[PDB]
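Below, each value reflects all heavy atoms present in this structure, side chains not excepted, and no hydrogens, waters or symmetry copies. Quick note on labels: first sequence line is chain A, next is B, and so on, each numbered from 1.
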There are 2 protein chains.
Amino acid sequence: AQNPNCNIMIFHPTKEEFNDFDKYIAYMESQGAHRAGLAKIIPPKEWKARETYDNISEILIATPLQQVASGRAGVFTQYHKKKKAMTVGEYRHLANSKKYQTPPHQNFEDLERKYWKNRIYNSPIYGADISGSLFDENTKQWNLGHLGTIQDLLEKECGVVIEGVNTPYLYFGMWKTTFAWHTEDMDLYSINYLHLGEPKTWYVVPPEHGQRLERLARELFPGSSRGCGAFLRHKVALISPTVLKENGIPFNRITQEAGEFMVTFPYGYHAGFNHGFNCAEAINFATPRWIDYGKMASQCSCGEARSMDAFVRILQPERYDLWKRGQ
Amino acid sequence: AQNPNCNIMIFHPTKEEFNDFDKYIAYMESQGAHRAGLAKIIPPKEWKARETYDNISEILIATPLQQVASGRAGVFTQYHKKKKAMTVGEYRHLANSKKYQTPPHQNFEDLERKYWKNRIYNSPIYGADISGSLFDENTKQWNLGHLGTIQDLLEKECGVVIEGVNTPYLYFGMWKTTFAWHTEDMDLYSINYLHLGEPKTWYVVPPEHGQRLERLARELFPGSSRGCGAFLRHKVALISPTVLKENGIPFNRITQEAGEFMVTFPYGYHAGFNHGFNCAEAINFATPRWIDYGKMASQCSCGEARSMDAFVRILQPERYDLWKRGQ
Ligand SMILES: Nc1cnccc1C(=O)O
Ligand SMILES: Nc1cnccc1C(=O)O
Ligand SMILES: [Co+2]
Ligand SMILES: [Co+2]
Ligand SMILES: [Zn+2]
Ligand SMILES: [Zn+2]
């Protein structure tokens, strides 16, 4: 077995190796990368997503989300308060203001300490889930808007044509903006490129130990757990590395910097935070190995959790009716 | 001036000519094709959208629309009554049933006569605007899911990056299903491929005479006109070729058959109907020549009309606030 400790692996493809996305994902998994739940891919030195980021200030963040925390420093939930629209230019200026800017710190470890100590006492604003892409149409390699669709993958594997289209999303972040513990919809893969700005710190639980995190979550969020058998689908729960360690949950951490890709693998629980003003782009994808995870993915049917129809309809026909009632 | 009578032109590209989409659209316009408002493109004999259509019955039509008419035979409006979900297999069976099937007829002209005589007395069900594609991912030429985006076109022409993603839609039709008189959102181009089944008959007004149609529409639909300065954006008004002829409106007609593409050009008003069970796929696109049409496109701000944000925001900043109130 490759990567038996489930370490987060870092890959440095050559430009030749960067030319076939599916092939390289499969190569990564041949080295056991998937066992960590997360991998970093450093693009070839001659690769670029686009020429410059000088012309992005007029992008509109239609519904910025103020992330309001409740609980304790290491165990909290966050809810999203909708704010008025602003441009990326206005958002960037807000992120760099005295109220929201990254504080003085010695290094990543000091910043991480400050995040978990102080996160709940501030309510940063996140420009998340904006449909769009910052890849140049002429970028041929690892262009997240030119990947094959999950609908075509399901068709290729299962022989069924389905409706739906999957496209990338942009995430404009600032210091303390947070992504809660979750796996992807239908336990899909995700790929995330950090286009510009300050880093993004990730935490991840190996897929083989995901149920351990779920068990801890039910204990730490009893109200949420009673409300929904798959409440982590609501994407609101945060648990710090110290609390995970206290409870024996196996996990790893890594910091993503501008110009780097992160891939999350099926049923790899992850969470994290942004260091300062940045912009990432992400999309879900599938491989043949995903199908069996799709079939077993837990579903939120309480109505709180936000193409999905067809995947549940085909892979989980028994769940489909009740899941559809929740929607 | 090419094509001064504004005739609908039909093109037969070679496989070599079929290899550069933008180039061929530009070639078509060099021959005056755009003046008609609509063109037909017959693909090369060796081209195909996909291998077979044997595996499409499990596609879900989440919200089939029953098209209910009001008015007179040649001048009517239609509203869409939402029906319960059905699969394409179930829809196809309904379309072929005695209640909904194409009636006996001698030819296209007889069927057209029957449509305009009898359309208002039936309420056919249309599986319209389903996000998805039936093109094989391996189809390299004129794959409507692999076109360059309107957002990238605007960026390339105007130097502004914007949010948004544009993807194709599927249309499952039956006899008498109808598309009302309209131009595309922001007076964009559209491209439509008829994947399978019975034909689709199109009517079109040359872009240079669009305001003549608008004037007639205001006279024929006085209530709708008073309610909204751009009510044709609601996509509910039908006017027959006989009534257009009586009122001196220049127009043309053509019937699209399975395996053929239709392109609508900026500000080319069009309408039509399906002959029987079929499936079409369509998407909007842009070229450099569209920009000036985008800037002048009329907007519905009464709230009735259904990526758009950014195009109005950048090309029509003066209209943006009031348009946003309507939404
Ligand atoms: N929202 C997310 C979800 N999964 C991974 C990363 C993020 C992010 O916000 O960067
Ligand atoms: N809905 C439409 C809009 N424009 C052109 C064609 C159609 C169609 O229904 O085929
Ligand atoms: Co994620
Ligand atoms: Co149209
Ligand atoms: Zn739930
Ligand atoms: Zn209106």
Side-chain angles (χ1 to χ4, degrees), chain A residues 50-62 85 87-88 127 129-139 143-149 151-156 158-170 172 195 279 281 283 307 309-314 317 320 324 327, chain B residues 50-62 85 87-88 127 129-139 143-149 151-156 158-170 172 195 279 281 283 307 309-314 317 320 324 327:
Chain A
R50 64 180 301 109
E51 201 68 21
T52 87
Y53 294 87
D54 292 335
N55 310 307
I56 64 162
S57 297
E58 315 306 318
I59 290 168
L60 189 67
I61 304 172
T87 65
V88 164
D129 300 310
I130 301 166
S131 291
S133 188
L134 292 179
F135 285 85
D136 191 295
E137 62 185 352
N138 300 307
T139 299
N143 184 322
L144 301 194
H146 295 165
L147 301 181
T149 69
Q151 292 82 10
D152 287 340
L153 182 280
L154 192 77
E155 176 182 328
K156 183 162 173 192
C158 299
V160 200
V161 181
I162 58 162
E163 77 282 1
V165 299
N166 93 290
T167 53
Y169 292 89
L170 299 172
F172 295 91
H195 279 283
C279 172
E281 182 173 338
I283 196 175
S307 295
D309 194 286
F311 294 98
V312 181
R313 200 171 69 247
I314 298 303
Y320 184 67
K324 196 63 167 286
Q327 298 291 133
Chain B
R50 64 180 301 109
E51 201 68 21
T52 87
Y53 294 87
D54 292 335
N55 310 307
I56 64 162
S57 297
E58 315 306 318
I59 290 168
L60 189 67
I61 304 172
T87 65
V88 164
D129 300 310
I130 301 166
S131 291
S133 188
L134 292 179
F135 285 85
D136 191 295
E137 62 185 352
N138 300 307
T139 299
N143 184 322
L144 301 194
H146 295 165
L147 301 181
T149 69
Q151 292 82 10
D152 287 340
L153 182 280
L154 192 77
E155 176 182 328
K156 183 162 173 192
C158 299
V160 200
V161 181
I162 58 162
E163 77 282 1
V165 299
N166 93 290
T167 53
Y169 292 89
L170 299 172
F172 295 91
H195 279 283
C279 172
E281 182 173 338
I283 196 175
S307 295
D309 194 286
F311 294 98
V312 181
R313 200 171 69 247
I314 298 303
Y320 184 67
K324 196 63 167 286
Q327 298 291 133

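Residue contact with chain B, scored on non-hydrogen atoms closer than 4.5 Å, is absent for A/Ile61. For chain B, the nearby part of A/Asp309 is the side chain; its heavy atoms alone come within less than 4.5 Å.
Heavy atoms only, all atoms of each residue included: A/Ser133 and A/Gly145 are closest at OG-N, 4.5 Å. Residues A/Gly164 and A/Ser307 share a closest heavy-atom pair of CA-OG, 3.9 Å.
With chain A as partner, the option from B/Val165, B/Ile130, B/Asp136 having the largest number of non-hydrogen pairs under 4.5 angstrom is B/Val165. Of the residues considered (A/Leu60, A/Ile56, A/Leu170, A/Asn55), A/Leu60 shows the highest number of contacts with chain B, using heavy-atom pairs under 4.5 Å. When A/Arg313, A/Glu137, A/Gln151, A/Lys156 are compared by the number of non-hydrogen pairs under 4.5 Å with chain B, A/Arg313 comes out ahead.
When atom types are taken as modelled, the side chain of B/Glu281 and the backbone of B/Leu134 share a donor-acceptor pair closer than 3.5 angstrom.
Each of A/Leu153, A/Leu147, A/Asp152 was scored for a side-chain contact (heavy atoms from CB on, under 4.5 Å) with A/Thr149, with one residue passing: A/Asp152.
Rounding to the nearest 0.5 Å places CZ of A/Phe172 at 10.0 Å from OG1 of A/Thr87.
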